[PDB]
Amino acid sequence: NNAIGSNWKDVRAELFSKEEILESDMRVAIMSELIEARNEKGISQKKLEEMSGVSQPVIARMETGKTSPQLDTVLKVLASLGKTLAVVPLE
């Protein structure tokens, strides 16, 4: 076409530090487990405040809030979604 512009993969990299990328891929990857929960597994997030004892608002800031979670909260949550976090080699 013409008035069809940059690919995102190129605009992401002109504008973000590879670590601001890495911070994000991860944010994103978490949002992504809560999306599966909602649409695929069928777990309302009120049901996951019960399975994990994390408060409903704490869970939804993983999707909507301005700041990053402390660590445990994420473990707890992923853990009922049946996932953990692992340390792996960078790239």
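One-based numbering along the sequence shown.
In this PDB entry, the Cα temperature factor of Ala3 sits in the top third of its chain's modelled residues, the highest group. When all modelled residues of the chain are sorted by CA temperature factor, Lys47 is found within the middle third.
In the PDB entry, a CA B factor belonging to the lowest third of its chain's modelled residues is recorded for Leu78. In this PDB entry, the Cα temperature factor of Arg27 sits in the middle third of its chain's modelled residues. Sort the modelled residues of the chain by CA B factor and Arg61 lands in the middle third.
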